[PDB]
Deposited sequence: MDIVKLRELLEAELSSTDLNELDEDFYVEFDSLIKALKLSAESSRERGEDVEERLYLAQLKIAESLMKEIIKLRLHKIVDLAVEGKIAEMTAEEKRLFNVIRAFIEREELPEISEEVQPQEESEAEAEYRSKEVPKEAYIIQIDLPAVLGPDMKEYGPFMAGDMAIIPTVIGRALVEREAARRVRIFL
């Protein structure tokens, strides 16, 4: 990981409204680059290279800056996914967060740092463009775009399946 890669991923986050699919270790590798840029910088200040140091520091600020812009674009896309009930591949840290946004929306419990009503929902691939559908909970799902992965109540997903408009998936 380096600033060149972060420059590419920022360009790619900006160029689509969809969450850019990243290497699972994106965040872990970012931290490394920064721990590595942090040691390399001390290891030059003391060693009296005002130049070699100035460069290690300037790269680090660029890294923090690129990251800031990338995470901002991604969080907003994640918020939209959590609100619209859609799915997309995202790092492990992002699923944790996505789960907290998702918890918040269905009024669950966000931590500090018939036999039951409960509407059963599963993941599906929407095959055609579909307008918002009304679930048994009176909550509406959609609209959806062909190609979207969504978590909707099985009662509706089932109807869409037998209708050739959706297909179950593995989230």
Without any C-alpha position in the structure, which residue ranges of the deposited sequence would you list, numbering from 1? 114-128, 187-188
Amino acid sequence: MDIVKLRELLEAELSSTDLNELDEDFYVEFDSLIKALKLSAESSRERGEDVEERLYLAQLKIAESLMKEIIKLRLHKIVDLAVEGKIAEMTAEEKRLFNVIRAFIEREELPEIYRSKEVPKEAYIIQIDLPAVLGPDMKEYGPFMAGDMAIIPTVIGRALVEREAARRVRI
From here on, numbers count along this sequence of modelled residues.
Comparing 10-18 with 156-164, which has the greater mean CA B-factor as deposited? 156-164
Please compare 23-31 with 48-56 and name the stretch with the higher mean C-alpha B-factor in the deposited structure. 48-56
Comparing C-alpha B-factors across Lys61, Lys121, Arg102, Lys68 in this entry, the winner is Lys121
